[PDB]
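In the numbering used here, the protein residues as written are 20 to 116.
Have a look at this one:
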């Protein structure tokens, strides 16, 4: 039907979440929407990281990029998508500890 992720332009995106606080879990990819928000980020991330890491209102949204080496946004990571979406999508899901 279609090839691997090459040219994706519409009302969605991709994400690569990673937990590093109270639960040392491996990297996990999460789907992104056009109007994605903090609650959705942690929610979708928790679904993929369903290993003692299921707390929507208990995590922080960080990201590792080229121009933005490493950024960290609080629970209100609604604008996180408008900042982290520059090149890479390696975001860190840190629990509130």
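All C-beta atoms in this analysis are idealised placements derived from N, C-alpha and C, irrespective of residue type, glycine included.
Here the alpha carbon of residue 31 sits roughly 31 Å from the alpha carbon of residue 116.
Between residue 112 and residue 37 a beta carbon distance of about 7 Å is seen, short of the 8 Å cut, so the two are scored as contacting.
According to DSSP, residue 74 shares a beta bridge with no other residue.
Note that the region 90–106 does not touch the region 64–72; fewer than 3 beta-carbon pairs, one per stretch, sit closer than 8 Å. The Cβ-Cβ distance between residue 40 and residue 99 does not fall below 8 Å. Beta-bridge annotation (DSSP): residue 36 is paired with 47, 110. Going by C-alpha positions, residue 93 is about 33 Å away from residue 23. In the DSSP assignment, residue 91 is bridged to 81. Residue 103: member of the alpha helix (DSSP H) spanning 99–103, first to last residue. Classified as buried, residue 108 has 16 or more neighbouring CB atoms from the shown chains inside 10 Å of its CB.
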